[PDB]
Protein chains: 2
Amino acid sequence: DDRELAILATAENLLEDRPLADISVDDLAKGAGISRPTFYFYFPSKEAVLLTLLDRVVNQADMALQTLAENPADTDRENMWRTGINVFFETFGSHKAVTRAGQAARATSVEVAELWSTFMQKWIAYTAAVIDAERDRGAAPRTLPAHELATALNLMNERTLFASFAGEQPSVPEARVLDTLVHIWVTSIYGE
Amino acid sequence: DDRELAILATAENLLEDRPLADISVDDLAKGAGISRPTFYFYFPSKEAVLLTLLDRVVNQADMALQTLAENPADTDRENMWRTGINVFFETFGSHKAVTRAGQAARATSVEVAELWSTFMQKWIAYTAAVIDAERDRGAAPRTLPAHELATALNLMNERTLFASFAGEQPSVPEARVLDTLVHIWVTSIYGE
Ligand SMILES: O=C(NCCC(F)(F)F)c1ccc(C#CCNS(=O)(=O)c2ccccc2)cc1
Ligand SMILES: O=C(NCCC(F)(F)F)c1ccc(C#CCNS(=O)(=O)c2ccccc2)cc1
């Protein structure tokens, strides 16, 4: 479990410099101070290591969001949405290599794809429930179906956060991405 | 060139049923009514076939958008933005397998990635120029930097159009995706 954490730290450190395809099991064993068969005792494959790393990062974001949901900020609605979006900006932005590699793995691994899909459904359902609350309270007008609006806003964040972290061309500079998303969320949720 | 079109039609037809990884050069040659070495005369690889198919689809969208830019619809601004977004909805939605496969290839092929990147820069620059025109005319307020807003809106369309076409979970139903995007564009461009 000390050895399990070493393998995970090693893989995260190596993913900073090259993609999964260019990391071997022997690379992971060696960085973690173990042999190849001992590695295989903890994980069936390098792909299982990535899946665990992504799982931990996705769970970290999810728990931070649950914490925030229970403990709303005392501020205006634009700043509340910013604090929510910020959960993902900071959590995934603190783990850029796992983010990029976990995202590429969605194409090749059904476990990575299903993990992503489960959490995006949860985050979208929570986004729609808050939009519905805002509407029920008369702060937001009833425009699009809340679930469809929430779906597009979450997919926008996914693609736009992750492009910014990878410094893709094109992308929103990382120091501008938070304000850019919060503007689009607030205008599309509250705007007639 | 008759044989080149056959290879392209064959690959598009086969991509409807399986990914590129599961299509062989011999599969492409056989569907197009040629041998393997004759195939290799027209394309250096199955990846070069995908790149050409994506190139044709991206150019088709780009030209349709240029046509629209010169020949604006005579209608209210919400419907004008809808006609623009619709270029991509119809062009890429008419070529779903190429869209999905071209998008997966971005991870593995620098030519596919560079092609995508060039056109997204062009479409974003045109989006920002129209937003700037709307602002200059006093129809839209000066909120976010236009280029940053345009970048996020284009990345939203990319991810949300393509998720809907692939029937990803989660996604906006394809029959609702156009209205959903147009709402977010109009509110975020015109909303204070
Ligand atoms: O970015 C998101 N989803 C995509 C995640 C990604 F990027 F990692 F893919 C995201 C998902 C959900 C939220 C949210 C929220 C709402 N909670 S809230 O901000 O605390 C809030 C706002 C307004 C009133 C009450 C509470 C914000 C952002
Ligand atoms: O969807 C887009 N880009 C992403 C493409 C994708 F999805 F394939 F990745 C997209 C890019 C640009 C536009 C546009 C536009 C503006 N032209 S316009 O709609 O004709 C117009 C509107 C308002 C006033 C004047 C003209 C619309 C959509």
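The basis for the numbers below is simple: all heavy atoms, side chains too, and nothing from hydrogens, waters or symmetry mates. Letters go in sequence order (proteins before strands), and every chain restarts at 1. Order of appearance sets the numbers: ligands from 1, and atoms from 1 within every ligand.
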A/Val130, A/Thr91, A/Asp76, A/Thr83: member with heavy atom nearest to atom 25 (C) of ligand 1
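Checking each option, the heavy atom nearest atom 25 (C) of ligand 1 is found in A/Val130.
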Take every heavy atom of A/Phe162, measure it against each atom of ligand 1, and state whether any distance is under 4.0 Å.
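Yes.
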N/O of B/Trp123 under 3.5 Å from N/O of ligand 2, yes or no?
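The answer is no, given that B/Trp123 and ligand 2 share no N or O pair closer than 3.5 Å.
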Would B/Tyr126 count as a polar contact of ligand 2, with the cut-off being nitrogen or oxygen pairs under 3.5 Å?
yes
Which protein heavy atom lies closest to [atom], and at what distance to 0.1 Å?
{"atom": "atom 28 (C) of ligand 2", "value": "B/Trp185 CH2, 3.5 Å"}
{"atom": "atom 3 (N) of ligand 2", "value": "B/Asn154 OD1, 2.9 Å"}
{"atom": "atom 19 (O) of ligand 2", "value": "B/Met80 O, 2.9 Å"}

Determine whether the side chain, the backbone, both or neither of [X] has a heavy atom under 4.0 Å from any heavy atom of ligand 2.
{"X": "B/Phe88", "answer": "side chain"}
{"X": "B/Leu68", "answer": "side chain"}
{"X": "B/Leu161", "answer": "side chain"}
{"X": "B/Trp116", "answer": "side chain"}

What atoms in ligand 1 come closer than 4.0 Å to a heavy atom of [X]?
{"X": "A/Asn157", "answer": "1 (O), 2 (C), 4 (C), 7 (F), 28 (C)"}
{"X": "A/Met120", "answer": "9 (F)"}
{"X": "A/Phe92", "answer": "8 (F)"}
{"X": "A/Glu158", "answer": "7 (F), 9 (F)"}
{"X": "A/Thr127", "answer": "11 (C), 12 (C), 13 (C)"}

Decide whether [X] and [Y] are clustered together by the hydrophobic rule: side chain heavy atoms of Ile, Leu, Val, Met, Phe, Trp, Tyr closer than 4.5 Å, transitively.
{"X": "A/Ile124", "Y": "A/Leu65", "answer": "no"}
{"X": "A/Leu153", "Y": "A/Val182", "answer": "yes"}
{"X": "B/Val57", "Y": "B/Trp116", "answer": "yes"}

Can a side-chain donor-acceptor contact be found between [Y] and [X] if the only test is distance below 3.5 angstrom?
{"X": "A/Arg106", "Y": "A/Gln103", "value": "yes"}
{"X": "A/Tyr190", "Y": "A/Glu134", "value": "yes"}
{"X": "A/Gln121", "Y": "A/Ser117", "value": "yes"}

Could you walk me through whether A/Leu161 and A/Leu181 pass the side chain to side chain contact (heavy atoms under 4.5 Å, CB included) test, one step at a time?
CA-CA 9 Å; A/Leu161 292 172; A/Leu181 301 172; 3.7 Å; yes
Any donor-acceptor pair under 3.5 Å linking the side chain of B/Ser188 with the backbone of A/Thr187?
no
Ignoring hydrogens and angles, tell me if any N or O in the side chain of B/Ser171 forms a donor-acceptor pair with the backbone of B/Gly167 under 3.5 Å.
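Looks like no, no N/O pair under 3.5 Å.
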Quick one: closest heavy-atom pair of B/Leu15 and B/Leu50, and the distance?
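Of all heavy-atom pairs spanning B/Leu15 and B/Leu50, the closest is CD1-CD1, 4.3 Å.
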